[PDB]
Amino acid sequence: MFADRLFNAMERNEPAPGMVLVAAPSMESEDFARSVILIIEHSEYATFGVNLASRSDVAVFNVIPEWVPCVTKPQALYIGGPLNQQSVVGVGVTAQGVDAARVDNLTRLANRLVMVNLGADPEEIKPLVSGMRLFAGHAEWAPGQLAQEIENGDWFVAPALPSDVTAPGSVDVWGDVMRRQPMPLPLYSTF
């Protein structure tokens, strides 16, 4: 866009758990280009999030095989971010009837999105979620840093959908999240 950075022509939704940070088309960093970062923690100390757009070549079975029954295909670890890549976290979609606030092993982000305690018994969790994906590594923003970057036009804050977390392997996550946003963002998606 000529007038200004693409996102500065859009509305500014407040960052919060359950929202995704969409990378600007011009962001070129190998670790963050075309990422869709789900915010999983947002406090005065930091903001943590996991990219939903990058599938790794590591199969869940080769790391935590006990969770494969609950993992939505592709059953591979997704690269959540450049930090703590040995750390794995699970994001699920609550099943009908479930209220995460009533389950110790499920932490609500927003709507039906939840954090799954991977230390829990997979058999306990299985009937409580209709989908789940595992993320190795995460991204962290120092205090005030996310605001600065948003002001710089680096990120577009938008709500996440369960379909972003359980997206099939043939789906272009960054591309499709951009296509469901107001014009002219869809004109910058690419497949």
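Position 1 is the first residue in the sequence shown; the rest follow in order.
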48 to 56 versus 22 to 30 - which carries the larger mean C-alpha B factor in the record:
22 to 30
Averaging CA B factors per stretch from the PDB record, which one is higher: 31 to 39 or 159 to 167?
159 to 167
Looking at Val63, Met132, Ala136, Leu128, which has the highest Cα B-factor in the entry?
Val63
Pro74 by Cα B-factor - lowest, middle or highest third of the modelled chain:
highest
For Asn111, the third of its chain by CA B-factor is the highest
Against its chain's modelled residues, does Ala9's Cα B factor rank lowest, middle or highest third?
highest
If you rank every modelled residue in this chain by C-alpha B factor, which third holds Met183: lowest, middle or highest?
highest
